[PDB]
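One chain is shown next in structure tokens, namely the form solved without its partner chain.
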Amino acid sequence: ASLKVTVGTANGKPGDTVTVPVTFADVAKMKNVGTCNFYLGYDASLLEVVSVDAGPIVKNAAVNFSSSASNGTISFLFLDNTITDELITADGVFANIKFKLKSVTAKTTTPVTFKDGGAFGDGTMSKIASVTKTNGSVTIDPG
């Protein structure tokens, strides 16, 4: 059993803005998610982060979620130690990253990857044993 966290894929032309979702799977199996923090790396010479927003599975994001993107790194933080009804309990989109694509000489697929580890805790304040991380990417097709 393990929590599956996956970065999606997007494809676009330089100048386009695309959305790359980060999804959680097998949440219920893992006794839910009460806290987490991880980081994704992206190539700042190819992509520009326009914004990062909590997804549908995050309840009361204004209070429980925080994200910051600085050069090449995006930090994701979720913390709900006390309100049971605001715990992450369903599978789905945890966050949506909007990237603006920069120019490229030729078609390029650049990875959006998990970096610097992180931490994941269940609703019971216990470490989530196993987390399967899957990187995503953005394809920039010259135009």
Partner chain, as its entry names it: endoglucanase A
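Positions refer to the first chain, counted from 1.
The form solved in complex with its partner chain is left out here; the points below concern that form.
Student: Name the residue from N32, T110, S75, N96 that puts a heavy atom within 4.5 Å of its partner chain in the deposited complex.
Tutor: Flagged contact: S75.
Student: Looking at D26, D116, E48, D53, which is the one with a non-hydrogen atom within 4.5 Å of its partner chain in the deposited complex?
Tutor: Exactly one listed residue reaches within 4.5 Å, namely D116.
Student: When the contact criterion is heavy atoms within 4.5 Å, does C36 count as touching its partner chain in the deposited complex?
Tutor: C36: contacts its partner chain in the deposited complex.
Student: Is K13 close to its partner chain in the deposited complex, meaning a heavy atom pair under 4.5 Å apart or at it?
Tutor: Contact check for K13: no, nothing within 4.5 Å of its partner chain in the deposited complex.
Student: Taking its partner chain as it sits in the deposited complex, is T134 near enough to touch it, meaning that at least one heavy atom pair lies within 4.5 angstroms?
Tutor: No, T134 sits far enough from its partner chain in the deposited complex that none of its heavy atoms falls within 4.5 Å.
Student: Is there a non-hydrogen atom of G121 within 4.5 angstroms of a non-hydrogen atom of its partner chain in the deposited complex?
Tutor: It does: once its partner chain is placed as it appears in the deposited complex, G121 has a heavy atom within 4.5 Å of it.
Student: Within 67 to 104, which residues come within 4.5 Å of its partner chain in the deposited complex, counting heavy atoms only?
Tutor: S67, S68, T73, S75, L77, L79, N81, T82, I83, in sequence order.
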